[PDB]
Amino acid sequence: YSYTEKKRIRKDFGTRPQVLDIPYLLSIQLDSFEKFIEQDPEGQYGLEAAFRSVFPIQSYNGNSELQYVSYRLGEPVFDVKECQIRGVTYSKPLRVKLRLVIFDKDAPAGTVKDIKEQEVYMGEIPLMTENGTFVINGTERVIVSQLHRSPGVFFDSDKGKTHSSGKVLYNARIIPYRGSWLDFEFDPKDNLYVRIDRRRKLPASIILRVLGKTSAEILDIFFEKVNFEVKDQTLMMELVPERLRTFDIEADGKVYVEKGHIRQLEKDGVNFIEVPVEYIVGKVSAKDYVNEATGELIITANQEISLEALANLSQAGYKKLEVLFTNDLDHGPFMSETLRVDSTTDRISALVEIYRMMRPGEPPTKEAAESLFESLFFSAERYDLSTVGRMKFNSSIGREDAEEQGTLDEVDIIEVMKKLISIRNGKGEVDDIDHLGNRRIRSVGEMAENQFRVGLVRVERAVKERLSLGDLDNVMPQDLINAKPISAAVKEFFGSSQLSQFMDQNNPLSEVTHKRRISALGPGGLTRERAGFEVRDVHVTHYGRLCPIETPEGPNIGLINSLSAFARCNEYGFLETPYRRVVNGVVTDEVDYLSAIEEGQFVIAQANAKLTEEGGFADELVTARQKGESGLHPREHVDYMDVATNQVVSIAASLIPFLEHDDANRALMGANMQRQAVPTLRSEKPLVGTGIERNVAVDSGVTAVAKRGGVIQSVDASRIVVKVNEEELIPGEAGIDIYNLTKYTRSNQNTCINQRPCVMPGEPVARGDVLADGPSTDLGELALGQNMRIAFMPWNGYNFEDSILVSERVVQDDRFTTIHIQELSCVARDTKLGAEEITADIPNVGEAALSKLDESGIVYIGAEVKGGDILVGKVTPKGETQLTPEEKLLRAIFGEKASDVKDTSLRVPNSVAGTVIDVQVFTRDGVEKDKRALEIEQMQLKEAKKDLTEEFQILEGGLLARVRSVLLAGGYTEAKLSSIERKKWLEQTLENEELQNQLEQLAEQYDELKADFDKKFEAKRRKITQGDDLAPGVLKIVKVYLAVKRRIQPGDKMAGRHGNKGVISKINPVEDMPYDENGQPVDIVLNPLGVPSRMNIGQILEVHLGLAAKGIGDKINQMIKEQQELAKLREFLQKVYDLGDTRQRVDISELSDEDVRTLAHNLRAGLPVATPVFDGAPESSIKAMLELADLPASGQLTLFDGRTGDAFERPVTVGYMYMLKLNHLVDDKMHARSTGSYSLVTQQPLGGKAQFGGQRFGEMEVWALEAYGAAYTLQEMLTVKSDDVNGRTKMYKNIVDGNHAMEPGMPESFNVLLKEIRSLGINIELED
Amino acid sequence: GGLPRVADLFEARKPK
Amino acid sequence: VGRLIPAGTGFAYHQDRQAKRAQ
Amino acid sequence: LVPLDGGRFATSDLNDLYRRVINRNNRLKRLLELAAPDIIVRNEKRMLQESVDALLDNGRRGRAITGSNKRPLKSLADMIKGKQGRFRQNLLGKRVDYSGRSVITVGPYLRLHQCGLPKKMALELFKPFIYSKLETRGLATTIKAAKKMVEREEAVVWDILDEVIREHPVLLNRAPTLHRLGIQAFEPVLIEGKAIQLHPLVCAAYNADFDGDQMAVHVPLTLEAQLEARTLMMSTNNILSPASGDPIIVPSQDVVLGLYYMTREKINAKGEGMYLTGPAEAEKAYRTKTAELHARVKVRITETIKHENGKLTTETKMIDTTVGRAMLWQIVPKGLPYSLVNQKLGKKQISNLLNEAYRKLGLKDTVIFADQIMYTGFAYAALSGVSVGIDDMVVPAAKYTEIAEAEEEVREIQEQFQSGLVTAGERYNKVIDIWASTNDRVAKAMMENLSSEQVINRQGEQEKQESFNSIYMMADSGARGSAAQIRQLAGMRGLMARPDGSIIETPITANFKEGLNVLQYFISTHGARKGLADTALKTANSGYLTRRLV
Amino acid sequence: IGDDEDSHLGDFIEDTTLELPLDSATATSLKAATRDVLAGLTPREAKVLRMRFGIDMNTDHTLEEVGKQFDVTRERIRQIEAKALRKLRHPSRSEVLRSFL
Amino acid sequence: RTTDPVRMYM
Ligand SMILES: [Mg+2]
């Protein structure tokens, strides 16, 4: 047990040993980006692959070429934190070495006349943070993986749902990574057709002709030949035994049946069979037969033989005739009938027809047609069957060569035709389009490479254009390429892509789930109005790869999936899952990662399989699965076993306790709902958990984990400094590590990101120990909600439907109070009239509203502000305004007139009250810095220097401690050293060479230390002082951060982990809520009526187990308060941890006394218990835990009404449940509007809370009003509330006058309608 | 088979 | 066109117009 | 062509299309002065035609012209037509002023004609009315004085707001508005908070549940709109479903459960055989702990019948009843037979009570009766203490033996198949049949064990009584749950379907009490996903059908 | 804008040229108030002020055509207007106009 | 056979 885990050991109710620890949860991002960025000396991945795919760049003439040598990434100008502060992309420069080689025209081609080496800037590549995120434009974003179709060939069928009859029609489709598509279909007339890029159908014999296949060659490839001879004036059948097994059969010694088994007669074996002449009439010729004397073609290939033809070849002297095989069951004439409907007879006609279907309405020439067909499929530039596509193609056709090829050929096409014909015949089966070996995962590295290659090609076009000119004497490689298209491509992908999404940052679980999300949408994927039911279902190949529970509920169901717990992506982009090998009947420790294709063959056992002490199965027949079907299989035929019980579900589903007792619908809802939880002021562990929380908390990156072990030298709410052990220190290092903690930083969802220390000064810490807990973390465990006392009963209708009744004590204890940080920005721009100024001289505003602003016009840090308060004062110059005469009179009477500038200042939004916690000022380079900006700059520089000096102090303490350790290897008295003053140590004089040399060395080292410290602080000051790159026309920006405490209230949404959501209906006083015999009231009352119909039973079990856990915690609290002996504390803890026949062996005898005190203290608020999914605590264990805590075995208590004191007539289920506060707050959803802004064109009220918009009265509302008969209300909504411009002002005036009458007119939208219809050249008008 | 039937009936579709 | 629908409370109104166009 | 924040300009694609047309027209005019080859002029005329057709309707002629951002330019026909067109986006439906929106909570204290409205929402919605009243009664000299007083939120502003909302109805709406009951008029009651409080009895009309639902509020302005809201759209007028004529305000969930619990009958309850003067003394006996809610007593009932012709006949008799039945009779309006109450009251019984009250008394009595029914049901469901526990899910002991028998017989038929006596399809069909029979028998056994109990009567023998199990009471009352759900909880889950439609042979032999294993959960997900996606698509299909019918 | 085919940037553009209904009500109320205050005057100076400021009139007039009313004299028109102005400034008949600041 | 003015012009 690690130190962090030893502080609070969670009781494990699991019973099956875990043989493979869960892998790092963010591997899918980091591995892909490492593939993209790291140098690949073999050149199959990433920037090297793209560079080799585009370069070398060859001029059309051949004069010169540009070649690639190597690439490197520069150092970032900024790190992650200040990239976030300023609002710039965290990236690295791309520097590539290119050589311009100029050939000699006089010399033979290939002569190196000159070379020019140079390094060139090729754009800026964004970098992944250590947590798998990108910082683009100052915002954290995650690029989600895409599930697409693997390149290659897919054979499908219409399943007999197109033609009038069944007639299942078969088709084949080849798709490359880049290039054109090809299709080969069957028609209801059994003819094979070709489509190129989904245009007009063609006979499909054209392509074979293009490659140069004569009709005889086609017939030879696509059919078997049966022969005929003229032997001794008799017809002569070359007999193949397998064919025979309506006429009289020859071989009189072994006469077969005549015009009415086969194997017995074929056993002897003869090669002579005679057939009637009529058997030739129906056959079709297989060759072209020429007569030299006549000079003509007696019979053509693919022609039916006739009696006259037989006579003609009889006179011609030909004795051997071979014809095609044709049946109705195993072999077909499909290709021959295809040839019959083909009008092309040569290669040139083939290219002509292909060109006409490609480019209709264009004069076809031979050279253009040849270029078009070569570029369609046999050109490396426009076609790429990538490595994965090539392997899938080869495996589909069963071809065992050309692994590195990237283009099609004769062999590929002909094998595709042969397979499709075979599937028509009956041999072979169509492909499964949802099978996970047919769908591929494409991650951030692949699409970054793709977009980089697009930009590279964009550069290469212009580079080729320039190189072709010829004048290249004074050109350098950096003068030829164009970095801006490359930057445009990478910033397109990282800023405007559908898969590059705003990071979900409600809690660590939201982050982890977003990084492990697979979307079938996006470029090259599915669209939601064109994705059917089949793609949305759970395929049988999703077992262990895609979670069947976690998917959005709505239009996106089945299209967004979550990676399973142990899922991985192989080197080709296909998901694979680990399994334990079974050898000699024992289930071993060795693990193997299997893909979807491999999984089908073997028989795989489940983690629930009973095992013996020898490592084998207990039952003779074990429940396993094979080819996607479950069943009972013999013990000896099992080849694999599952590695874990949570192998099928995702992390969010793995965090649901008692998942096996919940219906899949409510488990889906709970998994989706755990990611919407908002962190609270205090984070509390879940009493009932699954044992996964530590992994999520550690791998999310929200916590501060120790890179090296040691002792915590210094602890403070913003810093942890640890002294590393001697054994793990790098030679010549300072020996100390510094962790700066994030304090009250806004998240992407306007929540609070806070890191709190969890260590002591002097506490021993090892590698991997948690030092600080981030949001929703408690001692290294994920903490999404709070443990709440729960009673299942109805209460006077206040828990009707899904409503929740909450005690006032919940609000008093601030258990669900959240901190929300909001950004407000005031930008002073440059306008035509003048420059907007930030100042405290605000017209028409008194000193009451200027209390909180400083001299510069910016609020102070720590100012408590409410709605309408001025944060930053700004005045904008305004032009002349026409004063109405009856205001000129008022100006005359009272002479006040001050309208030079207009007050456009930043104000707190209505119904928003909070504290200003940070103010930042950004000033354009060349604009005067006001007093406040100077103050921020001074404080920033002071804090930077203070932090740098603090580091220097602590690291110098560590370094001098190591030097003292080196000196103590001999051992002397340092009092003599301290007798001389520290600086005076540099003033000593030594005459011995041995001592003097050391003195000079020390002096030089001290000088170098001073130099490096000066350089570091100079660089930091340069970073702080540089002006901001503000947008064109922008003079200044001020940003104010407001922190708001939000308390729970009616209308807020609360939920558990089992899909049980609700809205708080009332905050009940404590004296009105049910209480037990000890006077302790419940905290939340839930409706029992919602449990049985939704089949989410894990919540009742969670309630019972939580009751038991809190009872055990109360027992520990009691045993500590009475100061009982340590022996009995140890005995109780050991009894608690020994309950049940679990896999956990916790021995308190090996914990020290202080360790036992710490553990007992951390168990005061309840004993945390782990119930892993599908390996959870049974009913008996829960009841035994209840009896240990002296609680009823039924989990039901007697409760009393606080309003009356009368006991309820039945026992009530009371326990503890983990509740969450979802980010659906009534503060952010309450909206109302009387009159506000209006649209520019439609003159209708805007939409949304941000625009102070109005609710939409849609078509269905109008139908409802029509059904009622409310003509006047409908007219009000149509005219005087939306777009009757005069009518709405008249209505406002009348309401102010207390009249309540309207004068409806014509809506503006109808006038716009008329204007557009007239603009379409149609006379529409109104008649009177 | 309940909603598509009603939809097909109200548009007076011809049976296959 | 923002007019009263010829159903329910507005019905009578439209009937009146159908009289006026009749005369 | 308008300036955006930051100095950028926003334009409509019609500007680009018109610019193309004008440029090509001017080029054609220039080419007909600098006399040019006929080929060039012909090409320019082709340009002009293509540009005009693109402006009028982009994409009809051929390749749609795109902008610098690589999507087709929107033409006039696109402005006119479509789901986003002017007809359906701005003419048949609009965004309206004097409207608000908020989360809905439950108000159990409300009357059928009342809705809880937050104070801030009312202040924002009724702002002109408040200004008018402040100007009228003289505390505001001008309109900025009134605006400042409202912004500062003075007390007199709150009294004025109360006076304006005193009897001004508001319209509540929930999307989707499938029928006209999706918008109804209520009298607002100002409440502190930010959530709208909704009367429970109208939720069935709104299809509203309190799990995060939001409702929109509209303020009718003119007198005609107010009287339409009061007379036509008011919640008390719309209590019958226009599709069928049945009541739509029928009680559900806790109301049904409470009325069921209070009207149940227990053997040897405290106070059995007592004689009570009427419902009042039954109430007195229950409150004094003399008798239980479920004691069998004799009570004097005075009952008035209103006949079809209007005859009112009043008569008193002694009836064998239960204390709870008389206490419930206390709220039943005059004119109804007592046989409507002298039984355990499920959902159907309460619906029949309300329907009979409407048929024989009218509307006002019906709404008062509905309010009292809902109050009483809530009160006694709270007093019952009904709760769900792991022990309420009793798994019959016959289930294990039935599963063993089915498995043994499946082994026997597998042996028969291995002998060639029966084919694969026959084996599949009869295995499905045997598992279906086993599921039915396990469900029957679990129902029989769950629905009955044995009690000791007064004379001392053993008697059979209907069970008081929480899940059984939940299912039988009609509040929530049906036999299938209890079968899934305490019986067998049964056969489940492969995603294509086929039915897997081996069922799930586990319920949700002992829990499923990995493969059982996987098969469960197979059908759960199908159900969810089917609902998602069928919603849109039904919406399009409803549009077409309208 | 956003992952919606039903969202466009042109649906978020205001009409900054419009006049708020509150300001229209203020204009009407000021019209009524100044009508009352001018009716609380002797007719000659009231009409002189109306002509000089353009109240209820299409155009504004200078001292010339205001004199052209009855007597064409400049300084008398100025002194009459100034007398009317200090008379209106009197706190007894200006509280209804001071509320419009 | 074609509708694009480009190809007809060529
Ligand atoms: Mg809902």
Side-chain angles (χ1 to χ4, degrees), chain A residues 536-538 548 557 608 630 660-661 664 792 794-797 800-803 1033 1050-1051 1053 1061 1063 1065 1088-1089 1091-1093 1097 1194 1208-1210 1212-1213 1226 1230 1232 1234 1242 1245 1254-1260 1264 1267-1268 1270 1272-1273 1276-1277 1281-1282 1295-1296 1298 1300 1302 1309 1313 1316 1320, chain D residues 7 76 79 86 90-97 99-103 105-106 108 121 124-125 127-128 132 177 180 183 193-195 200 209-212 216 222-225 228 232-233 253-254 378 381-382 385 387-389 391 471 474 480-481 499 512 515-517 519 524-525 528-529 533:
Chain A
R536 299 178 188 256
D537 312 307
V538 186
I557 179 141
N608 299 293
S630 46
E660 51 272 9
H661 312 82
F792 273 126
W795 203 89
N796 293 95
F800 186 72
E801 295 287 29
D802 294 57
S803 297
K1053 197 159 155 187
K1061 63 214 208 228
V1063 165
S1065 47
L1089 288 202
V1091 193
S1093 166
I1097 312 302
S1194 65
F1208 297 116
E1209 292 179 62
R1210 291 151 75 77
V1212 188
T1213 292
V1226 78
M1230 200 219 69
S1234 49
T1242 36
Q1255 307 303 309
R1256 197 189 142 75
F1257 212 72
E1259 292 191 36
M1260 332 216 279
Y1268 271 127
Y1272 280 91
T1273 315
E1276 257 183 41
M1277 301 251 178
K1281 286 181 188 182
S1282 204
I1295 297 169
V1296 167
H1300 303 184
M1302 59 153 171
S1309 302
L1313 184 75
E1316 322 169 316
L1320 281 152
Chain D
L76 300 149
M79 312 282 308
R86 194 86 47 208
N90 309 141
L91 278 171
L92 292 167
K94 296 165 175 200
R95 300 210 172 258
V96 289
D97 288 338
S99 63
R101 154 174 300 258
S102 197
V103 195
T105 58
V106 58
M121 232 182 292
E124 245 295 347
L125 291 169
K127 193 182 285 291
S132 178
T177 309
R180 77 183 199 183
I183 193 192
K194 297 198 170 183
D209 58 334
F210 310 105
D211 59 352
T222 60
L223 297 169
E224 290 95 333
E228 284 171 341
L232 313 159
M233 323 189 30
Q253 324 225 333
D254 309 16
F378 280 151
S387 193
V388 198
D391 297 345
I471 300 170
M474 264 147 195
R480 298 265 316 231
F512 286 115
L516 322 174
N517 50 36
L519 262 297
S524 325
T525 56
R529 179 82 57 90

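Throughout, a chain's letter reflects where its sequence line sits, starting with A, and its residues are numbered from 1. Note: hydrogens, waters and symmetry copies are ignored here, and every other heavy atom, side chains too, is used.
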- Ignoring hydrogens and angles, tell me if any N or O in the side chain of D:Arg529 forms a donor-acceptor pair with the backbone of A:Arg536 under 3.5 Å. yes
- Note on the structure: Taken in chain and number order and not counting sequence neighbours, the residues that satisfy ring-ring contact (aromatic ring centres under 6.0 Å, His included) with A:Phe792 are none
- Item | Set of ring-ring contact (aromatic ring centres under 6.0 Å, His included) partners for A:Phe1257, sequence neighbours left out | D:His218
- Message: I'd like to know if the side chain of D:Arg101 and the backbone of A:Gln1255 have a donor-acceptor N/O pair within less than 3.5 Å.
- Response: no
- Query: Can you name the nearest heavy-atom pair linking A:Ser1234 to D:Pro128, along with the distance?
  - Reply: CB-CD, 4.4 Å
- Per-residue contact mode, D:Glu124 against chain A (heavy atom under 4.5 angstrom): both
- Would you say the side-chain atoms of D:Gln253 pair up with the backbone N or O of A:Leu1089, donor to acceptor, closer than 3.5 Å? no
- Task: Indicate yes or no for a side-chain donor-acceptor contact from D:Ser387 to the backbone of A:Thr1213 under 3.5 Å, with no hydrogens or angles considered.
- Result: yes
- Message: So for A:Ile1295, is it side chain, backbone, both, or neither that comes closer than 4.5 Å to the heavy atoms of chain D?
- Response: both
- So, A:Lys1061 and D:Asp211, do they make that salt bridge, N to O below 4.0 Å? yes
- Query: Any donor and acceptor pair, going by atom type alone, linking the side chain of A:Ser1282 with main-chain N or O of D:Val96 inside 3.5 Å?
  - Reply: no
- Would you say A:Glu1276's side chain and D:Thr222's backbone share a donor-acceptor pair under 3.5 angstrom? yes
